[PDB]
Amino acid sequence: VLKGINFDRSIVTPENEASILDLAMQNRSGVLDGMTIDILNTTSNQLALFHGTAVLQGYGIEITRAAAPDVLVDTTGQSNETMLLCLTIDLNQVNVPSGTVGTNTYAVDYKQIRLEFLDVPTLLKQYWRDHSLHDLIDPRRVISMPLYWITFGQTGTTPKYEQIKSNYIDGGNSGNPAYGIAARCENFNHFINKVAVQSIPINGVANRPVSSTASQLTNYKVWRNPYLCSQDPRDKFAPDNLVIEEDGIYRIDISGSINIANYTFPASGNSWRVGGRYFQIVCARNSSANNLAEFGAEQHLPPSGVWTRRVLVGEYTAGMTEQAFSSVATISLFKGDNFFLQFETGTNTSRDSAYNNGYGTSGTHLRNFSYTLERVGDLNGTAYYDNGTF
C-alpha cells in the first residue's frame, strides 16, 4: 500500500528522523564538533576523548562534558598493535531507559552506541562510507566511523595517535559537507623539463626558476579536503598525484602562462614568419593500482569505456615571451583513482618543441600556475553509466 511518513495520522519514528538528518547532511557522517583526543587524561589503561557531537547516518551522538575526563575508553589488553578508535552504532543492542518523565529522572544507557578499537579489515566491513543502516539491498545493523589511528606500544606505555580528518567535519565544508573544494593552490612557477611528457607537481612543491641558470624545489601553499582527496602515499608519485577518495563529477580549473616559450624565429627562409610550437596541458586519471584510497580500501571500478586523458589546453606558441592560458572542465573520478596534470610537447628544440635550451629563468617554464579541483556531482544510480565514462 501507499504509506505516508509525515502525514496527520502518521507516527514519526527514530529511524524516520535519522533518515531526515542524514538527508540534511548530504549523506555524509562525521564529527560535527569536539571528540578530539585528551592526552592529559590518557594513561596506559585508558584513552580519553573530549566532549563533542557526531552524526552517523542520521543518528546524533553526543559525548557530554562534566566537572574532564569527558569519556574514557578501556585500552587494557591492547599492546604492540595499530588499531582504529571507532564510534559504532549497533542496532542489535537495546537502549535501557531508567527513571521517568513526570519526575525529572529520565535517563538512557545507550548500549546501541560504543567507542571501540577495531583492526582495519573489521572497520572496512562495517564502514559507513561503504555500507549503510538505511541500505536498500544490503541493510546493516552495525556501522562505524573511524576517528583515530591508535598505535599501542609495550604494556605500560601511553599510545601514539593520528586523527582521521576525513571523518571530522572541521571547516571549509559545513553547508555542503559532501561537496565543495577537493584541492586548491596559490600561484606557483615550475621549470619545464626537457621531455615529451611530464606531470605538473600539484601537491605543494614546485621546481621554481630562481636564477638565469638554476631552478630549486620550493614549497607553495596548497590545501586538500581529506574527505575528497589525498596526496599519493607512494613517494615516487607524491609530488604529482592525488588519490581520489570519493566518486563523483569534479570540476578542474587551471590557469597560468608559459614563460620563455620557444618558437621558430622569423627568418628570410620561412618568409619572415613565426613558426609556432605545439603543446598541450592534459588532466589524467589512472586506476591501475588498487588500494590507494584511505585504509587501503577497495577502489570503485569505473564504467566500461571510462576516459583516462583529457586535453585542457591545446595550441601553438605564438611568438611572444609569455602566453597565458585558462581551462575549466568537468570530469568523472572514482574512489582509488590517481588524478594528475601533464604538460606535453615535442622534443626537437629547433623544430617542434615549446621548450628552449635554457635553464632556470632563461628556460621555458610555467609561471603563475594554479588550479582548483571541486566535487560538483555524484555518480549514484544511472549517472554511473550515463555521466561516469567522461
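Note that residue numbering begins at 1 and tracks the sequence as displayed.
Just going by the entry, 107 to 115 versus 214 to 222 on mean CA temperature factor gives the higher value to 107 to 115. Mean CA B-factor, 253 to 261 versus 223 to 231: the higher value falls on 253 to 261.
Across the options 144, 287, 268, 199, the residue with the most elevated CA B-factor in the record is 268.
Of the candidates 22, 378, 15, 374, the one whose C-alpha carries the top B factor in the deposited record is 15. When all modelled residues of the chain are sorted by CA temperature factor, residue 125 is found within the middle third.
In this PDB entry, residue 50 carries a Cα temperature factor that places it within the highest third of its chain's modelled residues. Residue 277 sits in the middle third of its chain by CA B factor, as recorded in the PDB entry. Among all modelled residues in its chain, residue 332 ranks in the lowest third by Cα B-factor. In the PDB entry, residue 10 places in the highest third of its chain by CA B-factor.
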